[PDB]
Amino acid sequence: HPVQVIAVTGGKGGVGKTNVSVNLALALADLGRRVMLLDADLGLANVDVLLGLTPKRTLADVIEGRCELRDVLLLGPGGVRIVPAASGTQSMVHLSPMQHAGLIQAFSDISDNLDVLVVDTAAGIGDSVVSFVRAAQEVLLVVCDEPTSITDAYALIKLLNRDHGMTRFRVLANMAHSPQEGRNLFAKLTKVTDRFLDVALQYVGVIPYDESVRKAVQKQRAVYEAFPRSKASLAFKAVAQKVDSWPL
């Protein structure tokens, strides 16, 4: 039983990486999978904030040697297991390759009875982002239809490909006003990556712009839980069906 590992990323700030990570995790749990969600925004933790959780200890405690990784695990909704990050601990955003590797390696000790790990990455193209993305089997790029997000997503793809040997990427359009808007967005990325790179982009669909997501964030409850019948939640179910179909 190999664990499916999905890194949710995108370069651009605020495109919905954390919302997608949280609600994809919940949707996969709804399909019957045993799911873990790692907050890899190591110094600006938001997974706990979106879920209204107040972690006593975090990955900060782990790295500083005050506790073991198993000791910081939190229970989220639907049985999802959460690994919480720190908020405001600067050292956590520039960890050595050794510390990053050590952390990733340490997950093998809490891998029991697990089907899927979802990893929520920070904004940007920094070492923490690249380290976690490189360590995943599937790279889910969250993109929205604005020139800055398209530009940032392309930059991250180019970087991961040219410096880190990554050659396959999943693309999810978030805050789309229509499914066709997402397809057109994917078409844009396909043309520029076709022209300059040798990579395989695979489209996963859209999460629509949905006021229910804004309401869910205010409530600090996952939209998938708080508004299970909303268009966004139904779209997360669809993405989960696709993810679950991917070869391990």
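In case it trips you up, residue 1 is the first one in the sequence shown, and so on.
- Mean CA temperature factor is higher for 96 to 104 when stretches 159 to 167 and 96 to 104 are set side by side in the entry.
- Comparing the deposited coordinates for 145 to 153 and 108 to 116, the stretch with the larger average C-alpha B-factor is 108 to 116.
- If you compare the C-alpha temperature factors of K56, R183, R34, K215 in the entry, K56 comes out highest.
- For the set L73, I125, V133, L140, the PDB entry assigns the largest Cα B-factor to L73.
- Per-chain ranking of the deposited C-alpha B factor places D39 in the lowest third.
- Looking at the C-alpha B-factors along this chain, the one for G52 belongs to the middle third.
- The PDB entry assigns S87 a C-alpha temperature factor belonging to the middle third of its chain's modelled residues.
- Ranked by C-alpha B-factor against the other modelled residues of its chain, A7 falls in the lowest third.
- Annotation for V223: CA B-factor lies in the middle third of the chain's modelled residues.
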